[PDB]
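Residue numbers (PDB author numbering), protein chains in the order written: chain AU, 1 to 74; chain AR, 1 to 88; chain AX, 1 to 70; chain AN, 1 to 128; chain AI, 1 to 135.
Every residue gets a Cβ at the ideal spot worked out from N, C-alpha and C, and that includes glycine.
Worksheet: the structure to be examined is printed underneath.
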Amino acid sequence: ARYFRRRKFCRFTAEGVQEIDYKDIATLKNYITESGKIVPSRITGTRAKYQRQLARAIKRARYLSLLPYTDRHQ
Amino acid sequence: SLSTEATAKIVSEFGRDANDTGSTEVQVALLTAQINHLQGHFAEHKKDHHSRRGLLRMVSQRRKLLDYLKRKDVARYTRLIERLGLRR
Amino acid sequence: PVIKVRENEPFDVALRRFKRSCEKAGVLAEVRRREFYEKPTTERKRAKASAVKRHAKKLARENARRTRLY
Amino acid sequence: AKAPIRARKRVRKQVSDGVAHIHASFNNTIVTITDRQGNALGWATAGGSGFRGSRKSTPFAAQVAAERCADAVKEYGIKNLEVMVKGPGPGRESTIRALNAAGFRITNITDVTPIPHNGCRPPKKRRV
Amino acid sequence: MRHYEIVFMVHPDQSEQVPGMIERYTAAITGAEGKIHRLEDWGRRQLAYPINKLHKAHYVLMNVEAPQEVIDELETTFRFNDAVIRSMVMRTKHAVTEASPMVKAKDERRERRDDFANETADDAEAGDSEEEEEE
RNA sequence: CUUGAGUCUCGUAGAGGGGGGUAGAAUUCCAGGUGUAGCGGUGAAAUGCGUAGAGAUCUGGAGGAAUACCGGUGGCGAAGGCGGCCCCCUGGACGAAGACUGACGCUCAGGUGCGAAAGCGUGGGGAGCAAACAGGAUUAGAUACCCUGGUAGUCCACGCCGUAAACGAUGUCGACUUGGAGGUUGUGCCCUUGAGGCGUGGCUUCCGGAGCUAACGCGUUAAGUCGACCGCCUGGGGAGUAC
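The structure is reproduced here in structure tokens:
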């Protein structure tokens with residue numbers, strides 16, 4: 001049926017997690033090393049835009065203590 | 001940027017009674033309300049120069065459509081500038 | 001720069017490949033070196049720049065089939 | 001300084017676990033064994049191996065620094081280990097082998113080498 | 001009107017302050033004809049890092065719509081609220097009022113990982129069970 | 001008149017501008033804990049710090065520049081220029097339907113506004129690093145280089161002449177010229193068969209054809225074919241000084 005838009009096996013082999021929502025802790029740790037910082041868009045194969053917005057939403061999240069800012073907090 | 005209801009008030013009072021935005025008197029009156037709000041902001045915020053560039057744009061297109069209007073009808077022109085309380 | 005991300009199965013030799021994702025690069029690499037403001041945008045961000053030698057190689061593969069070197 | 005002591009048997013507090021700290025520079029390694037709560041139980045260095053130059057700052061001098069200190073603390077009675085690593089210099093892995101060779105487990109190799117939020121400006125050095 | 005999604009947490013022991021603060025924050029927003037489209041409390045959570053000491057805090061998503069002048073007075077209040085340790089409010093572009101990503105984790109926190117204490121009962125008096133002054 | 005351009009509401013991508021809020025990490029600092037003989041620097045080395053207890057290390061607070069991360073061929077500005085996250089005021093550009101005006105156009109001497117960088121007056125701020133300065137090291141000479149000590153400075157706010165290699169050293173805006181594809185986004189269509197495919201706009205980029213170059217190179221974002229108008233150059237040295 002028409003306008004299905006991500007039924008199956010289309011856009012990406014690897015799934016996109018969030019954009020600008022920032023309220024779940026487990027979705028954000030998808031892009032955080034143990035050194036405590038956001039991963040480049042070449043490694044994940046995000047299109048750059050979706051990453052520039054996430055970069056703000058994760059930083060916003062970090063500053064609210066959902067996430068570690070530094071390796072020293074492991 | 002202007003409020004929806006300010007944009008409808010300009011259209012009611014200026015141009016013809018068709019309530020278009022397209023015409024030379026009403027484009028001059030729609031620019032005008034935005035120049036006047038920006039000169040409100042710029043009562044303070046005195047280091048904000050790269051946006052002040054935007055005032056000199058809004059002003060300059062208004063100088064071009066009042067230049068056009070005065071090559072045409074003197075009634076529309078002399079009525080507008082005093083009815084719209086414009087310049088000094 | 002043994003890098004804080006833990007190596008799959010711990011051993012005396014750190015698995016430096018499996019560890020880094022964006023650590024040390026640009027931040028702790030230019031140690032005892034002069035800091036520039038805007039040069040890093042074109043100086044360090046060289047991911048397109050390094051792909052070209054791989055592309056050149058992937059092009060010459062095809063030509064070796066057409067020449068009968070392959 | 002050191003004394004000529006008879007063969008060692010001695011007991012101190014038999015604490016069983018520790019943290020090690022490895023402070024790696026360009027000219028040296030400082031290798032320092034602590035209690036988990038964080039108190040020096042002893043240290044050794046690469047520079048007292050008296051190589052001079054660049055040669056003091058090689059993985060084999062990093063190894064033997066680790067082996068002196070890990071040894072001395074057998075009187076403190078440590079049996080398991082963890083390490084924090086703090087510098088970009090060499091002995092990445094060969095220091096880790098000497099802590100294991102002291103007969104300790106060394107499963108947690110946490111690099112903590114601090115990345116300030118763009119901190120204090122470094123000496124300019126060579127004009128390239 | 002424009003929508004501003006406020007999320008904040010409070011130092012456990014200081015939570016007894018907030019049931020007084022929320023009833024004012026709602027009286028200034030519905031006093032400006034705004035709306036609260038949920039106001040969900042998630043319960044007490046582990047911080048990744050301490051803020052003003054302690055490794056725990058209690059997390060609240062207020063989910064406001066308000067005209068812009070009122071939100072401007074509210075971020076300054078909430079940032080300088082002494083009981084609040086930190087707070088974030090996000091931009092209008094692509095903003096949600098439904099189907100929360102933390103719906104399970106909220107239930108897990110409230111059910112199990114919580115404080116279980118009197119100082120977070122007060123927090124729940126600021127939570128979904130919101131009580132607010134009359135306009 | 002629309003075939004040029006201009007305007008209203010809708011949508012979109014981004015570190016554009018100006019004022020507010022806000023956390024944590026190293027050096028640096030105060031206090032307390034633990035602890036013994038070197039640390040630092042480099043070709044190698046000395047000056048430097050240390051038994052008056054250094055060096056390293058742990059705990060808690062402190063302060064300020066700064067914000068490590070968006071990091072990619074991305075996006076924005078004015079070239080130079082812009083990167084923590086939020087809020088307030090707000091510019092400029094990219095799309096799309098409905099709709100309106102109807103050459104309202106191009107260029108711009110003069111012109112007023114506006115700084116990469118340091119320079120800089122008062123206020124604020126000051127942690128490290130550093131020209132000079134000092135001494136070691138070189139003999140290789142200038143206190144330079146190189147190393148250690150070490151100050152103005154760097155940092156913010158407002159303010160003064162806006163400097164350069166001032167940038168795609170490619171003026172402005174507009175018309176015309178085989179295209180495919182990357183990056184990635186409005187939006188029409190698709191099981192969105194893979195940062196995928198086609199319709200049609202968007203900046204941004206790889207390849208190469210017509211044309212253009214001394215040569216590299218450019219090539220639909222020209223350095224092509226052109227349009228008007230403005231800006232600037234006319235052998236070296238001596239002069240970015242002199243007048």
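Any C-beta of chain AI under 8 Å from that of residue i
{"i": "residue 6(AU)", "result": "no"}
{"i": "residue 20(AU)", "result": "yes"}
6 Å Cβ shell around residue i - same chain, five flanking residues per side excluded
{"i": "residue 55(AU)", "result": "38"}
{"i": "residue 20(AU)", "result": "53, 57"}
{"i": "residue 10(AI)", "result": "18, 58, 83, 84"}
Within-8 Å CB hit, residue i to chain AN
{"i": "residue 64(AX)", "result": "no"}
{"i": "residue 74(AU)", "result": "yes"}
{"i": "residue 24(AU)", "result": "no"}
{"i": "residue 15(AX)", "result": "no"}
{"i": "residue 32(AX)", "result": "yes"}
Proximal residues to residue i (C-beta, below 7 Å), its chain only, five neighbours per side dropped
{"i": "residue 32(AI)", "result": "66, 67, 70"}
{"i": "residue 128(AI)", "result": "39, 40, 41"}
Beta-ladder partner(s) of residue i, from DSSP
{"i": "residue 46(AI)", "result": "56(AI)"}
{"i": "residue 40(AN)", "result": "34(AN)"}
{"i": "residue 66(AR)", "result": "None, per the DSSP bridge assignment."}
{"i": "residue 81(AN)", "result": "18(AN)"}
{"i": "residue 86(AI)", "result": "9(AI)"}
{"i": "residue 111(AN)", "result": "85(AN)"}
{"i": "residue 3(AI)", "result": "65(AI)"}
{"i": "residue 82(AR)", "result": "Looking at the DSSP assignment, residue 82(AR) forms no beta bridge with any residue, so it has no partner."}
{"i": "residue 32(AU)", "result": "38(AU)"}
Environment of residue i [buried if 16+ CB atoms lie within 10 Å]
{"i": "residue 126(AN)", "result": "exposed"}
{"i": "residue 39(AN)", "result": "exposed"}
{"i": "residue 23(AX)", "result": "buried"}
{"i": "residue 9(AU)", "result": "exposed"}
{"i": "residue 111(AN)", "result": "buried"}
{"i": "residue 87(AN)", "result": "buried"}
{"i": "residue 69(AN)", "result": "buried"}
{"i": "residue 25(AR)", "result": "buried"}
Test: residue i CB closer than 8 Å to a CB of chain AU
{"i": "residue 114(AN)", "result": "yes"}
{"i": "residue 2(AX)", "result": "no"}
{"i": "residue 34(AN)", "result": "no"}
{"i": "residue 83(AI)", "result": "no"}
{"i": "residue 54(AX)", "result": "no"}
{"i": "residue 29(AI)", "result": "no"}
{"i": "residue 95(AN)", "result": "no"}
Pair within 8 Å by beta-carbon distance, residue i and residue j
{"i": "residue 60(AI)", "j": "residue 4(AI)", "result": "no"}
{"i": "residue 128(AN)", "j": "residue 78(AN)", "result": "no"}
{"i": "residue 13(AX)", "j": "residue 67(AN)", "result": "no"}
{"i": "residue 6(AI)", "j": "residue 100(AI)", "result": "no"}
{"i": "residue 31(AN)", "j": "residue 95(AN)", "result": "yes"}
{"i": "residue 171(AN)", "j": "residue 10(AX)", "result": "In the structure displayed, chain AN extends from 1 to 128; residue 171(AN) sits before or after that span and is not available."}
{"i": "residue 38(AR)", "j": "residue 10(AR)", "result": "no"}
{"i": "residue 27(AR)", "j": "residue 65(AR)", "result": "yes"}
{"i": "residue 64(AN)", "j": "residue 98(AN)", "result": "yes"}
{"i": "residue 73(AU)", "j": "residue 25(AI)", "result": "no"}
{"i": "residue 135(AI)", "j": "residue 12(AI)", "result": "no"}
{"i": "residue 57(AN)", "j": "residue 46(AN)", "result": "yes"}
{"i": "residue 37(AI)", "j": "residue 97(AI)", "result": "yes"}
{"i": "residue 44(AI)", "j": "residue 109(AI)", "result": "yes"}
{"i": "residue 69(AR)", "j": "residue 62(AR)", "result": "no"}
{"i": "residue 55(AR)", "j": "residue 81(AR)", "result": "no"}
{"i": "residue 109(AN)", "j": "residue 81(AN)", "result": "no"}
{"i": "residue 65(AU)", "j": "residue 51(AI)", "result": "yes"}
{"i": "residue 23(AU)", "j": "residue 102(AI)", "result": "yes"}
Contact with chain AX by residue i, beta-carbon distance below 8 Å
{"i": "residue 68(AU)", "result": "no"}
{"i": "residue 33(AU)", "result": "yes"}
{"i": "residue 56(AU)", "result": "no"}
{"i": "residue 147(AN)", "result": "Given that chain AN is displayed from residue 1 to residue 128, the structure contains no residue 147(AN) and the question cannot be resolved."}
{"i": "residue 123(AU)", "result": "The displayed coordinates of chain AU run from 1 to 74. Any statement about residue 123(AU) would go beyond what the structure contains."}
Own chain, CB closer than 8 Å to residue i, minus 5 neighbours either side, in chain order
{"i": "residue 67(AU)", "result": "25, 28, 29, 32, 36, 58, 61"}
{"i": "residue 20(AX)", "result": "3, 5"}
{"i": "residue 90(AN)", "result": "24, 57, 58, 59, 62"}
{"i": "residue 71(AU)", "result": "34, 35, 36"}
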